[PDB]
>>> print(open('work_16.tsv').read())   # TSV, C-alpha atoms and all ligand atoms
chain	number	residue	atom	x	y	z
A	116	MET	CA	-117.04	58.81	-13.96
A	117	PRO	CA	-114.87	57.20	-16.69
A	118	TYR	CA	-115.27	54.81	-19.63
A	119	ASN	CA	-113.36	51.69	-20.59
A	120	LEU	CA	-112.13	50.93	-24.12
A	121	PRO	CA	-111.59	47.16	-24.41
A	122	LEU	CA	-108.50	46.08	-26.35
A	123	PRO	CA	-109.26	42.34	-26.96
A	124	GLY	CA	-105.96	41.52	-28.64
A	125	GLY	CA	-104.02	43.76	-26.30
A	126	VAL	CA	-101.86	46.67	-27.42
A	127	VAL	CA	-99.90	46.04	-30.63
A	128	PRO	CA	-97.55	48.14	-32.80
A	129	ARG	CA	-99.35	50.10	-35.56
A	130	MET	CA	-102.43	50.52	-33.36
A	131	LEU	CA	-103.85	54.04	-33.47
A	132	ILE	CA	-106.33	55.17	-30.78
A	133	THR	CA	-108.37	58.33	-31.30
A	134	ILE	CA	-110.27	60.06	-28.50
A	135	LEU	CA	-112.63	62.83	-29.57
A	136	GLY	CA	-114.35	65.09	-27.08
A	137	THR	CA	-114.74	68.47	-25.44
A	138	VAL	CA	-113.07	69.62	-22.23
A	139	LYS	CA	-115.63	70.53	-19.57
A	140	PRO	CA	-115.65	74.10	-18.21
A	141	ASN	CA	-113.17	74.77	-15.38
A	142	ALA	CA	-111.42	71.45	-16.01
A	143	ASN	CA	-109.14	70.02	-13.33
A	144	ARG	CA	-107.79	66.84	-14.89
A	145	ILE	CA	-107.90	64.34	-17.75
A	146	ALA	CA	-106.57	60.79	-17.54
A	147	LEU	CA	-105.87	57.93	-19.92
A	148	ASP	CA	-104.97	54.63	-18.26
A	149	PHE	CA	-103.62	51.72	-20.32
A	150	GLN	CA	-104.07	48.77	-17.96
A	151	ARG	CA	-102.37	45.40	-17.62
A	152	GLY	CA	-104.12	43.53	-14.84
A	153	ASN	CA	-103.68	45.58	-11.67
A	154	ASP	CA	-100.82	47.48	-13.32
A	155	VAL	CA	-101.13	50.71	-15.28
A	156	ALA	CA	-98.74	50.36	-18.20
A	157	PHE	CA	-99.18	53.97	-19.27
A	158	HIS	CA	-100.84	56.81	-17.34
A	159	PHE	CA	-101.30	60.06	-19.33
A	160	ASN	CA	-102.47	62.72	-16.87
A	161	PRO	CA	-102.96	66.38	-17.88
A	162	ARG	CA	-103.32	68.44	-14.67
A	163	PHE	CA	-104.94	71.83	-15.36
A	164	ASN	CA	-104.24	73.55	-12.05
A	165	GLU	CA	-101.60	71.88	-9.89
A	166	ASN	CA	-99.91	74.40	-7.60
A	167	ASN	CA	-101.07	77.22	-9.89
A	168	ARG	CA	-99.54	75.60	-12.98
A	169	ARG	CA	-100.58	73.39	-15.90
A	170	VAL	CA	-98.56	70.20	-16.35
A	171	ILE	CA	-98.79	66.78	-17.97
A	172	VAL	CA	-97.74	63.80	-15.86
A	173	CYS	CA	-97.01	60.37	-17.38
A	174	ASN	CA	-96.18	57.30	-15.33
A	175	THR	CA	-96.43	53.56	-14.79
A	176	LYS	CA	-97.99	51.74	-11.87
A	177	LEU	CA	-96.49	48.34	-10.93
A	178	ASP	CA	-97.13	46.17	-7.85
A	179	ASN	CA	-99.49	48.89	-6.61
A	180	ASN	CA	-96.72	51.51	-6.69
A	181	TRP	CA	-96.15	54.40	-9.11
A	182	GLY	CA	-92.70	54.73	-10.66
A	183	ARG	CA	-90.65	57.80	-11.57
A	184	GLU	CA	-92.90	60.37	-13.26
A	185	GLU	CA	-92.16	61.96	-16.63
A	186	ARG	CA	-93.46	65.55	-16.80
A	187	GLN	CA	-93.75	68.35	-19.35
A	188	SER	CA	-95.20	71.88	-19.38
A	189	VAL	CA	-96.51	72.16	-22.94
A	190	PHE	CA	-100.27	71.85	-22.40
A	191	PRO	CA	-102.60	71.83	-25.48
A	192	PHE	CA	-105.86	71.47	-23.54
A	193	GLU	CA	-108.25	74.28	-22.61
A	194	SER	CA	-111.43	74.13	-20.54
A	195	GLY	CA	-114.59	74.12	-22.63
A	196	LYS	CA	-112.75	73.52	-25.91
A	197	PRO	CA	-113.01	70.54	-28.30
A	198	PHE	CA	-110.00	68.22	-28.35
A	199	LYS	CA	-108.56	65.22	-30.09
A	200	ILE	CA	-106.08	62.83	-28.53
A	201	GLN	CA	-104.35	60.38	-30.83
A	202	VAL	CA	-102.12	57.63	-29.44
A	203	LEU	CA	-99.90	55.65	-31.79
A	204	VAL	CA	-98.38	52.41	-30.54
A	205	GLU	CA	-94.83	51.74	-31.67
A	206	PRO	CA	-92.74	48.73	-30.64
A	207	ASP	CA	-90.75	50.98	-28.32
A	208	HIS	CA	-93.08	53.75	-27.14
A	209	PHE	CA	-96.51	55.32	-27.08
A	210	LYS	CA	-96.59	58.39	-29.31
A	211	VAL	CA	-99.14	60.97	-28.22
A	212	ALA	CA	-100.50	63.69	-30.52
A	213	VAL	CA	-103.11	66.31	-29.63
A	214	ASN	CA	-105.14	68.04	-32.33
A	215	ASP	CA	-102.99	66.46	-35.06
A	216	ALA	CA	-99.71	67.69	-33.59
A	217	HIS	CA	-97.05	65.63	-31.82
A	218	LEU	CA	-97.22	66.18	-28.06
A	219	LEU	CA	-94.99	63.60	-26.41
A	220	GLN	CA	-93.43	60.16	-26.34
A	221	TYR	CA	-93.53	57.57	-23.54
A	222	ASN	CA	-91.12	54.63	-23.74
A	223	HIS	CA	-92.69	51.29	-22.87
A	224	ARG	CA	-91.95	50.21	-19.29
A	225	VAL	CA	-94.51	47.40	-19.34
A	226	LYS	CA	-93.11	45.30	-22.19
A	227	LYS	CA	-95.79	42.62	-22.74
A	228	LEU	CA	-98.05	44.92	-24.79
A	229	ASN	CA	-100.30	41.96	-25.59
A	230	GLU	CA	-101.38	41.94	-21.94
A	231	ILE	CA	-102.56	45.57	-21.92
A	232	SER	CA	-106.24	44.69	-22.37
A	233	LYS	CA	-108.00	48.03	-21.87
A	234	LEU	CA	-107.79	51.81	-21.88
A	235	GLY	CA	-109.50	53.73	-19.11
A	236	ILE	CA	-110.64	57.24	-20.02
A	237	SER	CA	-111.54	59.63	-17.20
A	238	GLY	CA	-111.47	63.24	-16.15
A	239	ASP	CA	-113.26	66.45	-17.03
A	240	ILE	CA	-114.21	65.69	-20.62
A	241	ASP	CA	-117.34	64.86	-22.58
A	242	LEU	CA	-116.59	61.94	-24.93
A	243	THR	CA	-117.76	62.07	-28.55
A	244	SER	CA	-115.93	58.85	-29.40
A	245	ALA	CA	-113.01	56.66	-28.34
A	246	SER	CA	-111.88	54.13	-30.93
A	247	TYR	CA	-108.93	52.36	-32.45
A	248	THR	CA	-107.76	50.90	-35.72
A	249	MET	CA	-104.54	49.62	-37.23
A	250	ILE	CA	-102.53	51.75	-39.64
F	301	LIG	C1	-97.28	72.15	-3.79
F	301	LIG	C2	-96.20	71.30	-3.12
F	301	LIG	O1	-95.43	71.90	-2.18
F	301	LIG	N1	-96.02	70.06	-3.60
F	301	LIG	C3	-94.92	69.21	-3.12
F	301	LIG	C4	-95.45	68.20	-2.12
F	301	LIG	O2	-96.54	67.49	-2.74
F	301	LIG	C5	-97.37	66.87	-1.87
F	301	LIG	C6	-98.50	66.25	-2.38
F	301	LIG	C7	-99.28	65.43	-1.57
F	301	LIG	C8	-98.92	65.21	-0.25
F	301	LIG	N2	-99.65	64.38	0.49
F	301	LIG	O3	-100.77	63.75	-0.10
F	301	LIG	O4	-99.25	64.12	1.83
F	301	LIG	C9	-97.79	65.83	0.27
F	301	LIG	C10	-97.01	66.66	-0.54
F	301	LIG	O5	-94.40	67.32	-1.71
F	301	LIG	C11	-93.85	66.57	-2.81
F	301	LIG	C12	-92.74	65.66	-2.28
F	301	LIG	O6	-93.27	64.83	-1.25
F	301	LIG	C13	-93.26	67.51	-3.85
F	301	LIG	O7	-92.15	68.24	-3.29
F	301	LIG	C14	-94.33	68.49	-4.32
F	301	LIG	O8	-93.75	69.48	-5.19
F	301	LIG	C15	-93.88	69.09	-6.56
F	301	LIG	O9	-92.96	68.03	-6.85
F	301	LIG	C16	-93.11	67.59	-8.21
F	301	LIG	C17	-92.18	66.40	-8.47
F	301	LIG	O10	-92.54	65.33	-7.59
F	301	LIG	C18	-92.77	68.73	-9.17
F	301	LIG	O11	-91.41	69.14	-8.98
F	301	LIG	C19	-93.70	69.90	-8.89
F	301	LIG	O12	-93.32	71.01	-9.71
F	301	LIG	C20	-93.58	70.29	-7.43
F	301	LIG	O13	-94.50	71.35	-7.13
F	302	LIG	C1	-102.24	63.93	-3.68
F	302	LIG	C2	-101.02	64.20	-4.56
F	302	LIG	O1	-100.55	65.47	-4.60
F	302	LIG	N1	-100.44	63.13	-5.13
F	302	LIG	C3	-99.19	63.22	-5.88
F	302	LIG	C4	-98.01	63.23	-4.93
F	302	LIG	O2	-98.11	62.06	-4.10
F	302	LIG	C5	-97.59	62.21	-2.86
F	302	LIG	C6	-97.78	61.20	-1.92
F	302	LIG	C7	-97.27	61.32	-0.64
F	302	LIG	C8	-96.56	62.46	-0.28
F	302	LIG	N2	-96.17	62.62	0.98
F	302	LIG	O3	-96.51	61.62	1.94
F	302	LIG	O4	-95.46	63.80	1.34
F	302	LIG	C9	-96.34	63.46	-1.22
F	302	LIG	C10	-96.86	63.34	-2.50
F	302	LIG	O5	-96.78	63.26	-5.67
F	302	LIG	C11	-96.63	62.10	-6.51
F	302	LIG	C12	-95.31	62.24	-7.28
F	302	LIG	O6	-94.23	62.38	-6.34
F	302	LIG	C13	-97.77	62.01	-7.51
F	302	LIG	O7	-97.74	63.14	-8.40
F	302	LIG	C14	-99.09	61.98	-6.76
F	302	LIG	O8	-100.22	61.99	-7.65
F	302	LIG	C15	-100.44	60.71	-8.25
F	302	LIG	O9	-99.62	60.63	-9.43
F	302	LIG	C16	-99.83	59.40	-10.12
F	302	LIG	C17	-98.86	59.35	-11.31
F	302	LIG	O10	-97.52	59.44	-10.82
F	302	LIG	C18	-101.26	59.32	-10.62
F	302	LIG	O11	-101.54	60.45	-11.46
F	302	LIG	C19	-102.19	59.36	-9.41
F	302	LIG	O12	-103.55	59.37	-9.85
F	302	LIG	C20	-101.91	60.63	-8.63
F	302	LIG	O13	-102.72	60.65	-7.44
>>> encode(input="work_16.tsv", output="structure tokens", more="lines below")
Ligand SMILES: CC(=O)N[C@H]1[C@@H](Oc2ccc([N+](=O)[O-])cc2)O[C@H](CO)[C@H](O)[C@@H]1O[C@@H]1O[C@H](CO)[C@H](O)[C@H](O)[C@H]1O
Ligand SMILES: CC(=O)N[C@H]1[C@@H](Oc2ccc([N+](=O)[O-])cc2)O[C@H](CO)[C@H](O)[C@@H]1O[C@@H]1O[C@H](CO)[C@H](O)[C@H](O)[C@H]1O
Amino acid sequence: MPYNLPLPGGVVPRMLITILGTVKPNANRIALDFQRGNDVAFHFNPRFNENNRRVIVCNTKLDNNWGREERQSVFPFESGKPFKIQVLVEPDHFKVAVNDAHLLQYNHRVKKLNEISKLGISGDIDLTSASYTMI
């Protein structure tokens, strides 16, 4: 099962979200879901073993349909190891860093950031903490 991080004032530039945890043994997937109503503004989905390969899929869900995926092979997650995911919100994109190192960028497709009221956290991880602050 997952956990939901409420974002009362919605997503706003300068917001920094930090997810601390440990990847479960023989992990299959991890998923962060920034939601706007029934839409998923930003889906960050590390897939550990998809067709015998590790890949990170990012996408947006609108009107119950997923859009064009953005993929990358660099994969900084390992089963059973501690991890830290840091997401910085900029006016133009979500900046994702893993273990204090830039990982990727995802340009905003859903533009009304103020409406993105929560962040779903799911997958094969044990959560230590999931919080946010403004920097
Ligand atoms: C392993 C494989 O041949 N994957 C194909 C396949 O993927 C699926 C997945 C689910 C279902 N289904 O629930 O019915 C059918 C097929 O078909 C896809 C297109 O329909 C892709 O061709 C997929 O290959 C993967 O495509 C992605 C990009 O979409 C990427 O290129 C992957 O590297 C590639 O394996
Ligand atoms: C089951 C699976 O492999 N889902 C993939 C797949 O989806 C399909 C759906 C239908 C067919 N088909 O009828 O031949 C092929 C493949 O490929 C999609 C991309 O082309 C997605 O990768 C889909 O997985 C879904 O991806 C979205 C993000 O794009 C999100 O991660 C969903 O949770 C995930 O199921």
>>> residues_near_ligand(input="work_16.tsv", ligand="ligand LIG 301 (chain F)", cutoff="9 Å", atoms="only C-alpha atoms and all ligand atoms", output="JSON, numbers by chain")
{"A": [165, 166, 167, 168, 170, 183, 184, 186]}
>>> residues_near_ligand(input="work_16.tsv", ligand="ligand LIG 302 (chain F)", cutoff="7 Å", atoms="only C-alpha atoms and all ligand atoms", output="PyMOL selection string")
chain A and resi 158+160+172-174+181-182+184
>>> write_last_selection(input="work_16.tsv", atoms="C-alpha atoms", output="PDB file, in the frame of the given file")
ATOM      1  CA  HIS A 158    -100.840  56.810 -17.340  1.00  0.00           C
ATOM      2  CA  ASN A 160    -102.470  62.720 -16.870  1.00  0.00           C
ATOM      3  CA  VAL A 172     -97.740  63.800 -15.860  1.00  0.00           C
ATOM      4  CA  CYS A 173     -97.010  60.370 -17.380  1.00  0.00           C
ATOM      5  CA  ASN A 174     -96.180  57.300 -15.330  1.00  0.00           C
ATOM      6  CA  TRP A 181     -96.150  54.400  -9.110  1.00  0.00           C
ATOM      7  CA  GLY A 182     -92.700  54.730 -10.660  1.00  0.00           C
ATOM      8  CA  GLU A 184     -92.900  60.370 -13.260  1.00  0.00           C
TER       9      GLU A 184
END
>>> residues_around(input="work_16.tsv", residues="range 199-213 of chain A", least_positions_apart="4", cutoff="6 Å", atoms="all atoms listed in the file", output="PyMOL selection string")
chain A and resi 128-135+217-223
>>> atom_distance(input="work_16.tsv", atom1="CA of residue 190 in chain A", atom2="CA of residue 241 in chain A")
18.4 Å
>>> residues_around(input="work_16.tsv", residues="residue 119 in chain A", least_positions_apart="2", cutoff="8 Å", atoms="only C-alpha atoms", output="list in words")
residues 117, 121, 233, 234, 235 and 236 of chain A
>>> atom_distance(input="work_16.tsv", atom1="CA of residue 140 in chain A", atom2="CA of residue 187 in chain A")
22.7 Å
>>> atom_distance(input="work_16.tsv", atom1="CA of residue 248 in chain A", atom2="CA of residue 193 in chain A")
26.8 Å
>>> residues_near_point(input="work_16.tsv", point="(-96.4, 47.4, -22.6)", cutoff="9 Å", atoms="all atoms listed in the file", output="list in words")
residues 126, 127, 149, 151, 156, 157, 206, 207, 208, 223, 224, 225, 226, 227, 228, 229, 230 and 231 of chain A
>>> build_atoms(input="work_16.tsv", residues="range 148-163 of chain A", atoms="N, CA, C and O atoms", output="JSON list (two decimals), in the coordinates of the input")
[["chain", "number", "residue", "atom", "x", "y", "z"],
["A", 148, "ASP", "N", -105.63, 55.70, -18.99],
["A", 148, "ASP", "CA", -104.97, 54.63, -18.26],
["A", 148, "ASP", "C", -104.92, 53.30, -19.01],
["A", 148, "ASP", "O", -105.92, 52.58, -19.05],
["A", 149, "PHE", "N", -103.78, 52.99, -19.61],
["A", 149, "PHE", "CA", -103.62, 51.72, -20.32],
["A", 149, "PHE", "C", -103.33, 50.71, -19.21],
["A", 149, "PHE", "O", -102.31, 50.81, -18.53],
["A", 150, "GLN", "N", -104.22, 49.74, -19.04],
["A", 150, "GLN", "CA", -104.07, 48.77, -17.96],
["A", 150, "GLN", "C", -103.65, 47.36, -18.33],
["A", 150, "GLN", "O", -104.03, 46.83, -19.38],
["A", 151, "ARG", "N", -102.86, 46.76, -17.45],
["A", 151, "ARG", "CA", -102.37, 45.40, -17.62],
["A", 151, "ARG", "C", -102.62, 44.75, -16.26],
["A", 151, "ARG", "O", -101.77, 44.80, -15.37],
["A", 152, "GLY", "N", -103.79, 44.14, -16.11],
["A", 152, "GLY", "CA", -104.12, 43.53, -14.84],
["A", 152, "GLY", "C", -104.29, 44.65, -13.84],
["A", 152, "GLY", "O", -105.03, 45.61, -14.09],
["A", 153, "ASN", "N", -103.60, 44.55, -12.70],
["A", 153, "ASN", "CA", -103.68, 45.58, -11.67],
["A", 153, "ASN", "C", -102.66, 46.69, -11.94],
["A", 153, "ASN", "O", -102.64, 47.71, -11.25],
["A", 154, "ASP", "N", -101.83, 46.49, -12.96],
["A", 154, "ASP", "CA", -100.82, 47.48, -13.32],
["A", 154, "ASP", "C", -101.38, 48.49, -14.31],
["A", 154, "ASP", "O", -102.35, 48.21, -15.02],
["A", 155, "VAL", "N", -100.76, 49.66, -14.34],
["A", 155, "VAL", "CA", -101.13, 50.71, -15.28],
["A", 155, "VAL", "C", -99.88, 50.89, -16.12],
["A", 155, "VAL", "O", -98.93, 51.55, -15.69],
["A", 156, "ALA", "N", -99.88, 50.29, -17.30],
["A", 156, "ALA", "CA", -98.74, 50.36, -18.20],
["A", 156, "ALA", "C", -98.38, 51.78, -18.59],
["A", 156, "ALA", "O", -97.20, 52.15, -18.64],
["A", 157, "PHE", "N", -99.39, 52.59, -18.87],
["A", 157, "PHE", "CA", -99.18, 53.97, -19.27],
["A", 157, "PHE", "C", -100.32, 54.87, -18.78],
["A", 157, "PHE", "O", -101.49, 54.68, -19.13],
["A", 158, "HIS", "N", -99.94, 55.83, -17.95],
["A", 158, "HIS", "CA", -100.84, 56.81, -17.34],
["A", 158, "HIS", "C", -100.51, 58.17, -17.94],
["A", 158, "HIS", "O", -99.41, 58.69, -17.74],
["A", 159, "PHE", "N", -101.45, 58.75, -18.69],
["A", 159, "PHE", "CA", -101.30, 60.06, -19.33],
["A", 159, "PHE", "C", -102.24, 60.95, -18.54],
["A", 159, "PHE", "O", -103.46, 60.81, -18.64],
["A", 160, "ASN", "N", -101.68, 61.88, -17.77],
["A", 160, "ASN", "CA", -102.47, 62.72, -16.87],
["A", 160, "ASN", "C", -102.30, 64.24, -16.93],
["A", 160, "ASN", "O", -101.47, 64.81, -16.20],
["A", 161, "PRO", "N", -103.07, 64.93, -17.79],
["A", 161, "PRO", "CA", -102.96, 66.38, -17.88],
["A", 161, "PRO", "C", -103.60, 67.01, -16.63],
["A", 161, "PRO", "O", -104.78, 66.79, -16.37],
["A", 162, "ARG", "N", -102.82, 67.78, -15.87],
["A", 162, "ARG", "CA", -103.32, 68.44, -14.67],
["A", 162, "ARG", "C", -103.44, 69.94, -14.96],
["A", 162, "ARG", "O", -102.44, 70.63, -15.13],
["A", 163, "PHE", "N", -104.67, 70.43, -15.03],
["A", 163, "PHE", "CA", -104.94, 71.83, -15.36],
["A", 163, "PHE", "C", -104.51, 72.89, -14.35],
["A", 163, "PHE", "O", -104.11, 74.00, -14.73]]
